[PDB]
Amino acid sequence: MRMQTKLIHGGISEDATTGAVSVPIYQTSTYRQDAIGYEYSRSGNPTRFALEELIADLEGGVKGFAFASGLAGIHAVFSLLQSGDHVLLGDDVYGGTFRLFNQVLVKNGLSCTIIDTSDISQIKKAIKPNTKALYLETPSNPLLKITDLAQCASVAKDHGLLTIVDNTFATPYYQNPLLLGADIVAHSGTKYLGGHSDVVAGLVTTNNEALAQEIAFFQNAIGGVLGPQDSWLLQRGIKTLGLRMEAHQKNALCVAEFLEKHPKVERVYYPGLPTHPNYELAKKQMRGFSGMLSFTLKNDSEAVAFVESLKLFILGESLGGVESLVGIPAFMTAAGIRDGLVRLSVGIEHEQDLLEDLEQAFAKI
Amino acid sequence: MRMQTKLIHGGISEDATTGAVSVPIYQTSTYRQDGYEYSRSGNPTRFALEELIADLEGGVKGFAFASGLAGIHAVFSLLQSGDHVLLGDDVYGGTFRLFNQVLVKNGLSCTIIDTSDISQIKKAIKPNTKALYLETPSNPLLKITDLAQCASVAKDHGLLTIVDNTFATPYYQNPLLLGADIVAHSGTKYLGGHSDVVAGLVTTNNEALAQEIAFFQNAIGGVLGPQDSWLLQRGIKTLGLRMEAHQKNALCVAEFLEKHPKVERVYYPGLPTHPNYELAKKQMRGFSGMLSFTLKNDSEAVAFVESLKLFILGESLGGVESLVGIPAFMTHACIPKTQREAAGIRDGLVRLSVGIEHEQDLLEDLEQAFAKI
Amino acid sequence: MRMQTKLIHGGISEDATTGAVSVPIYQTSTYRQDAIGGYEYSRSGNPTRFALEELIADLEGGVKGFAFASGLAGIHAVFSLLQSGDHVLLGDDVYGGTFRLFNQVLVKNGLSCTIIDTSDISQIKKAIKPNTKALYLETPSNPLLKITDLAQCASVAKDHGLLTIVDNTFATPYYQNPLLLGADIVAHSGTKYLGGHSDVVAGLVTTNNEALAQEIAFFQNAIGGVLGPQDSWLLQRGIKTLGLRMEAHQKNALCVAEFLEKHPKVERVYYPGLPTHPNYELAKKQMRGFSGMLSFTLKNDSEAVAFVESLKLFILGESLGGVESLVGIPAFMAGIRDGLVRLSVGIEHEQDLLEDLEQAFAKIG
Ligand SMILES: *Cc1c(COP(=O)(O)O)cnc(C)c1O
C-alpha cells in the first residue's frame, strides 16, 4: 500500500475480534489477568496502541508513543539525558520548547546553545565535549526557515549525537526525518495531525530499538500519556491527512502569491515561494509545503487593525486545523520577528473566500 | 568429479550403514557411549553439510552456524583484543554492525576502505592489523575486488584474507583457490535457495585455523540444527541449475534495463560496460542473479517498486523468488541521506534479486511498472 | 650557558679571524672563489645573516635559523613547502596579515584553511581532513591574548601526519620555547620584540628537523625574501638586550593590567599575567613569563578613540614590541569590539605610564 492507503489501513485500523472497521475506544484502567505473573492503561491501552502503531507506520519508525500534549512528548524525549548534558537548539524554536529547556530541563542539569540550524557551520562551531543531542525544527515557527536535515543528521551522526526533529508543520505526509538520518521524530498532534482543532496530543516515534525502550520507559514513568478518547479522535483525524494537506498547500500557495504581489505587504514567509531562502533544499527534502505562512506589512503599526478586521480568519492561539487561524507572534507565541509580523494558518475553506477576507481587511488600512 | 556432480555426491551425501541416498536427520542431543558425544560438538546431519561446503570451496573443514552472522562472529572470535581489521566500505550493514556494536566493545578496531583500490588497503595497514575482510561482488553496487591481488598483498603482510562469498556462490567463485584463508557464506541465500532456511557456512584452507573455528563454533554455541543442516544440503543440490537460471535471467534483465529510457545506470558484473568486467571474468566463472539499477528521477523509485506484482517487496535475496528492495529505505534507512549519496546509494537505487521465474514474466512485470511512472 | 648569557654569546657573537666582539657587516653581494667546487652568493649565504640565524636556532633550540625580509615573508616561505590541494588549520584570531596571507595569497595557489578556536583542543580534532598537513598556532594571541596549549595540540597533530607551526612573536624565545613543547616550526616577526627598538623590519624562522631545514632553506633562496646584512646585524644587536627588555616589559605590563582591572571606567582586561584570565594556569605552565602585550575593552565603547587620541606618552602607531609605548585599536588598524584598545607596554618608568593613563581616563564620561 501507498501513503494515502496507509493513512486509512495503516497501524492498527480494525478490531481483529469483531471486524469493526474502527478501533474500539477502550475506556478502561485495568485488565483481568489469567495467571499470577495489557496490565494497566498508563503502560498499555489498545486504543492508544493503535494510534501509536499508525504514527510509527507513517514516519517509518519501530514504535510510536502518544502523549497528553506535544510538550509532554518533547519533555519525555529530553528525559533520555543526564545532568551535565548539552543540547543544540534552533534559534527560532517553538516558544514552549525553549521555555521547557529554560525553566524545566535547566533546573535539572541540562544546558543548551541557541544556534542557526540553516548555518551548518554554526552547529559545528558549537559542539561541546558533553553535547549529546541536536534539536531541529523545519520548517520553523514563525519565519519558516528551512534546515538541511540530511546534512545536520550527518554532522550529528559522526559525532556521537542524537538527531531530534519536531516534524509538526510538514506532516509525515510531506517530510520523513527518519528516512534522512534523524533518530527521533516529535509531533504536536494538536495541530495538523488530528486536524480539527479539537484534540490536544503529542506523538513521538523513532528508528531505533534502544531509544524505543528509553522513550517507552519515560512515557510510562513520568505518566504524560494520551487518553483513549483523544487517541481515537486523533487517529480518526489522521485518516483525512492526505486530503487536508493537499488543500492546505493549495490554499497556502494561493495566499502566499496574493500577499507577495500586494502593495501593502513587504515580506512573505512561505516555503512554497521560489524566492524563499532555501527553496531548492525545501523541494529536495519535502514533498509539499504546508498551510503555514507569516507575512509582514509595510506599515508596521497597522498589524493589530488588519488581524482584527478579518472575519473568516479566526483570531486564535493555535494552528493546523480545517479552520483558518490568524496570529501575531509578538503578542502571542528581535530575530526577524518584527512586531508587525502576522502568521496565518491557512485552512481548508474555499480559496476565493480566504482571498476575499484578506481583501476586505487590507481595504481597511 | 566436476563441480556439478560434486553438488550431488560431494562431502557426505549418503548414509553408509543403511544405503539411504539422503543423510538422515539426527534430531538427537546426545549419544550412547561404550564418534559423536554431544550435538553441539558434533552431529552427523550437520557434519555431512560441513564436509560438502569444505569439499566445494576446496577446504579442509566446514562449519555450519545458526546464521551467516553467527559464522562471521566465530571467525572474528579468533582475534585477541588489540587486533585491527580492514573492512570493505560496502560491507553488509550487519557485518559493519558486528564490529561497530559487538566486537569493538571487545577490543577490536577497524578501518573502512574501498577494496577495489589496492593502494588504499596498503595505506590502511597498521603494525597491529591481523585481518582483511573482503566481499565481491559487493552489495548493492556489485563492485569487484581483485581476490588474488588482495590475498597476496595481505599474505606478504601478516594478514588473514577473509572473504564473504555469498553473492557469487562456490559455483562461480572459489576464494581459497585464489589466496583466501577463510570463506564465509550466508546459507540463508543462494546456498539454501528457497528462502526457507537461516544458516551460516564457514570453510578454510588451514588446519590450524580450522581448530580455532571448531573451538569457537563449540564454545560460543551458535551452531546449526540438524533439520536446517539437512534442508540447506537439499537446497545446495540444485545450486548449479539455479545459478545458471539466476544468471540467465539477470543478464536478460540487466540488458532490458539499459535499453530503458527511464533507467540511468545499471550495476551488474555481467555487463561489458561494468567497471572491472575483465577482472570479473578472471576470478568468476559466472555472475549471480544480483543487480541494482538507478533511475533518472529519484522520487519515481517508490512508485516503480510499489506497482511491481511479480517481484516480491522483501528484505532477503538469493531465493527462487524474485525480490526487490530500495536499499536507501530498507537495508540502509538508518544512514544519513547525504552519507548514502557519498557511498553511491541514491534514493533512486533499486536492488533486484532476480529469481528463477520465466524471464518473460519477469520482464512483463518490469514493463508495466515503468509504464506506470 | 644560560638564556641570559646566550643572548650575548650565542650562535655566532664574535668574528673568528679578527676577534671582533661584534660580527662584521658584510655589505657584499658576491665572493671570490678558488673553485670550481663557504659563501658563494649573498642570497644563498651571507656571514652576517648567518650569525643571526645561528643565534635564533640556538635560542629556540633549533638546528637551523632563517632570516627574512619580514615576519610575513618568513611565514610565507614556511607555507611554501605545501603542494596545492593541501589543508591547514588556523587559529580564529591569528595575526591580521597572517589571515590576509592565506585568504588572498596561498588559497588561490590551491591551499585550503579552516578557522578554529585552538584553545578548544576538541575543535581541532573536529576539523581534521584527510588532506590536512599542518596546524598553525599563535599564543598568546593577537590581540586578545587567548592562550593555546602547545604541548597537547602538538601531540594531537603528532599522532596524525601533521606539522605544528607556531608564531612565537608575542611571548619571545625568552618566555616560551615551542620547539621543546613538540612544535616543528617556530616563526617570529623580528620587527617586534626581537629587534626591540622599532627600527628594523625582519622575520625569523627556525626548526627542530633536519629535513624541514633543507626545505625552508630551499624556499628562502628560491623566493629570495632574505634579510639584508645591516638589518640582520641590527637585529642581532637588538637581541642582546632581549632578556633585560622582556623583564621590564612584563614588570610594566603587570603593573598596568592591575591598574586597568581595578578601574571603574574599564570593562574587561586581557593579559595572561592576570590570575582571573582564561587558562592562566596554562600560561604559567608553558611560559616563563608574560610579555608587554595587553588589551582592554572599556565600559563606554564609543569613547575608545577619544581615549587613545588623548594619550601623551604612549604613541599612537602601527606596531608593537618596542622600547617606546605603542597603542592601537586593532579594529581600525570574534572578540574584537570596535572599542578594544591594544597596548604595547614599553620599558619607560611605570609611574609615567600610569600617569598617562590616569590623565586619559579623566577626560571621558
Ligand atoms: C503547538 C506546538 C507544540 C505544542 O503541543 P501542545 O499540544 O501544545 O503540547 C509543540 N510543537 C510544535 C511545533 C507546536 O507547534
# chains A, B, ... in the order shown; residues from 1 in each chain; ligands from 1
>>> interface_residues(of="chain A", to="chain C", cutoff="9 Å", atoms="only C-alpha atoms", output="PyMOL selection string")
chain A and resi 124-125+127-129+159
>>> interface_residues(of="chain A", to="chain B", cutoff="10 Å", atoms="only C-alpha atoms", output="list in words")
residues 1, 2, 60, 149, 150, 151, 152, 153, 154, 155, 156, 157, 158, 177, 178, 179, 180, 181, 182, 183, 207, 208, 284 and 287 of chain A
>>> residues_near_ligand(ligand="ligand 1", cutoff="10 Å", atoms="only C-alpha atoms and all ligand atoms", output="PyMOL selection string")
chain A and resi 67-75+93-97+137-142+165-170+186-192+199-203+317-320+333
>>> residues_around(residues="segment 32-39 of chain A", least_positions_apart="6", cutoff="12 Å", atoms="only C-alpha atoms", output="ChimeraX atom specification")
/A:26,45-49
>>> select_by_dssp(residues="segment 126-176 of chain B", states="strand (DSSP E or B)", output="PyMOL selection string")
chain B and resi 129-135+160-164
>>> residues_around(residues="residue 293 of chain B", least_positions_apart="2", cutoff="9 Å", atoms="only C-alpha atoms", output="PyMOL selection string")
chain B and resi 141+254+257-258+263-268+291+295+348-352
>>> write_last_selection(atoms="N, CA, C and O atoms", output="compact mmCIF listing (two decimals), in the first residue's frame")
# COMPACT_ATOMS: atom_id res chain seq x y z
N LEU B 141 26.13 -2.21 -4.91
CA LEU B 141 26.71 -1.64 -6.13
C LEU B 141 27.52 -2.64 -6.96
O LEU B 141 28.04 -2.29 -8.03
N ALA B 254 19.20 -7.12 -16.83
CA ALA B 254 20.18 -6.04 -16.96
C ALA B 254 20.14 -5.43 -18.36
O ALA B 254 20.11 -4.20 -18.52
N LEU B 257 17.08 -3.39 -18.87
CA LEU B 257 17.13 -2.14 -18.10
C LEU B 257 17.98 -1.03 -18.73
O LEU B 257 17.65 0.14 -18.59
N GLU B 258 19.07 -1.39 -19.40
CA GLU B 258 19.88 -0.34 -20.02
C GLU B 258 19.35 0.11 -21.39
O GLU B 258 19.63 1.23 -21.82
N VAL B 263 15.65 4.39 -16.94
CA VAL B 263 16.80 3.87 -16.19
C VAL B 263 18.08 4.61 -16.59
O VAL B 263 18.37 4.75 -17.77
N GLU B 264 18.83 5.07 -15.59
CA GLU B 264 20.12 5.70 -15.84
C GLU B 264 21.28 4.69 -15.90
O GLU B 264 21.71 4.29 -16.99
N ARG B 265 21.78 4.30 -14.72
CA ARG B 265 22.89 3.36 -14.59
C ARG B 265 22.40 2.02 -14.06
O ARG B 265 21.56 1.98 -13.16
N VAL B 266 22.94 0.94 -14.62
CA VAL B 266 22.64 -0.42 -14.17
C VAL B 266 23.94 -1.01 -13.61
O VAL B 266 24.98 -0.92 -14.25
N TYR B 267 23.86 -1.59 -12.41
CA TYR B 267 25.03 -2.21 -11.80
C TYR B 267 24.91 -3.73 -11.85
O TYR B 267 24.13 -4.32 -11.10
N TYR B 268 25.67 -4.35 -12.75
CA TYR B 268 25.71 -5.80 -12.88
C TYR B 268 27.06 -6.24 -13.45
O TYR B 268 27.49 -5.70 -14.47
N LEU B 291 21.49 -7.72 -8.97
CA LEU B 291 21.71 -6.47 -9.66
C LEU B 291 20.95 -5.32 -9.02
O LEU B 291 19.95 -5.52 -8.32
N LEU B 295 17.37 4.85 -11.40
CA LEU B 295 16.57 5.54 -12.42
C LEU B 295 16.75 7.05 -12.35
O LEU B 295 17.07 7.59 -11.29
N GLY B 348 17.07 6.71 -5.46
CA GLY B 348 16.53 6.10 -6.67
C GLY B 348 17.19 4.79 -7.05
O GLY B 348 16.95 4.26 -8.14
N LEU B 349 18.02 4.25 -6.16
CA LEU B 349 18.66 2.96 -6.42
C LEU B 349 17.70 1.82 -6.06
O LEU B 349 17.12 1.80 -4.97
N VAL B 350 17.52 0.89 -6.99
CA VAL B 350 16.64 -0.25 -6.81
C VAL B 350 17.44 -1.53 -6.95
O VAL B 350 18.08 -1.74 -7.98
N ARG B 351 17.39 -2.39 -5.93
CA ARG B 351 18.09 -3.67 -5.95
C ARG B 351 17.13 -4.81 -6.30
O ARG B 351 16.07 -4.94 -5.70
N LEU B 352 17.53 -5.63 -7.26
CA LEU B 352 16.76 -6.81 -7.59
C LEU B 352 17.55 -8.07 -7.32
O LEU B 352 18.73 -8.19 -7.69
